[PDB]
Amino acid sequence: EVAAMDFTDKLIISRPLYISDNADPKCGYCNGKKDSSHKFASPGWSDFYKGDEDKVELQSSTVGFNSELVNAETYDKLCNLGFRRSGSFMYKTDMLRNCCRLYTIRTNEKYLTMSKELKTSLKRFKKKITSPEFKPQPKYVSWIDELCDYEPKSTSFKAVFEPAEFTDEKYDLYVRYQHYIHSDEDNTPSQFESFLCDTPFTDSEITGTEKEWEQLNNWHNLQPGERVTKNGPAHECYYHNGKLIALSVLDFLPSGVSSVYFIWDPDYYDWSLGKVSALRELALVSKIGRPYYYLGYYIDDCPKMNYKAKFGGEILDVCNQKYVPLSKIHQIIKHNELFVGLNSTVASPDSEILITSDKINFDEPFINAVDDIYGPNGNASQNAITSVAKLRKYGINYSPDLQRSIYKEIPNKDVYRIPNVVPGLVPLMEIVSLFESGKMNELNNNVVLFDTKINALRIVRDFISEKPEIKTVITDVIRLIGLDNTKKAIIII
């Protein structure tokens, strides 16, 4: 006998897509409009195009895959690889080629600086919901403890955690909010359902139990060292005298909480709910004893996204697979640069950084090595073209990227084709090593396919003998999520 397939431990995904189009209009953050000093990924590319910035057509570019099943531990890993979910679609930008530089940001109460601005938003909230008879304690150790004292005592305000389920009330509020912010989307009931209610998580992570939701809704009273069992998606409903005035869509992960989406009643602009809800969610992360609050993507030059910097924290270096505090690099990403860290005591990189050895230490001095690796005279492309040829010998249908520039120039597409060189994907030279060391044989008896032809699941038994189209899809999944995660995948082909 062999153990039944355990779908509490599987990631079911479609084959990867690489979607690239003109940033005007595809990019909702910049609309393809950038100052020429923000237009490129590095000073080396800025200088390569100095004087002809107007002959590049910026592109908006995403790579990812649809998910039919993911558990919270696996989604946590994907967040910490630089992915985000949009409904059930797991994606990231191509940070080398995209118009805007999107960084994965995370923070917590240790990073947070309670500025006058943030303090004012909490003070207003307290005044909106708190009776004049409330008597505060003479001292609160943290602003979190102050909030956890008065908020549950309000007779007019109540926030409720519940499963992420459609209601007419929620949808009507979303329509009004999306119109107030000038969403250029349909915003039909089905779209709201797929975006913010239906998810690829396990049923236990979606539905939970009555005890789990009651425990979560008691969070204001959690004591030090106490924890909650909840993982997976949730809605937090904000009620003022029985009326829904805001809805927070959140994912509970082993390492903390991710903010999916926040909507509020435009008539409540004077409650500062955008800032208040972020502070409440930071307080929640602290009270449930988890380390990080994830606000999604940070774009230093987009006002709709750089508000996240006010809560502090650290930014993911996808090339090193480590976080660096925002305060240490903010000055060198202010012109939409891509950052690739390298300790100053380390020789100039001869290649893309190996996602295998001696990790970067951001507590030691470091520099941005982006142009050594990915600049117009960097080494990444030379190494990738040589790897493509070796990989073709294993039946991997990759083609070499031979163009001089990573940018689209005025002259004066296969959605299954990923570029040879993408920051944060496994470099092709490392993919070669996996084949040459036999580490790719770890896929045998582990990775599973859903063959749409025969309409059945099939465990892969001899990877190298699979058809090239199949081997190529699997290898692209490895580039995106790594070998260990792919070994727990069911890939739909």
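All residue numbers are counted from 1 along the displayed sequence.
Looking at the other PDB entries for this protein, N412 is absent from the model in a third or more of those that include the residues around it. Modelled in this chain, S357 is nonetheless absent from a third or more of the other compared entries whose models extend past it on both sides. The modelled chain breaks between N412 and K413, where 10 or more residues of the deposited sequence lack coordinates. The entry shows a gap from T356 to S357, with 1 to 3 unmodelled residues of the deposited sequence in between. Per-stretch averaging of Cα B factors for 33 to 41 and 63 to 71 places 33 to 41 on top. The stretch 372 to 380 shows the higher mean C-alpha B-factor when 372 to 380 is compared against 234 to 242 in the entry. The entry assigns its greatest Cα B factor, within the set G296, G82, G341, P349, to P349. For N98, the recorded CA temperature factor ranks within the middle third of the chain's modelled residues. When the modelled residues of the chain are ordered by C-alpha B-factor, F362 sits in the highest third. Among the modelled residues of the chain, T475 sits in the lowest third by CA temperature factor in this PDB entry.
Among the modelled residues of its chain, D186 has a C-alpha B-factor that falls in the highest third according to the deposited record. In the PDB entry, a CA B factor belonging to the lowest third of its chain's modelled residues is recorded for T104.
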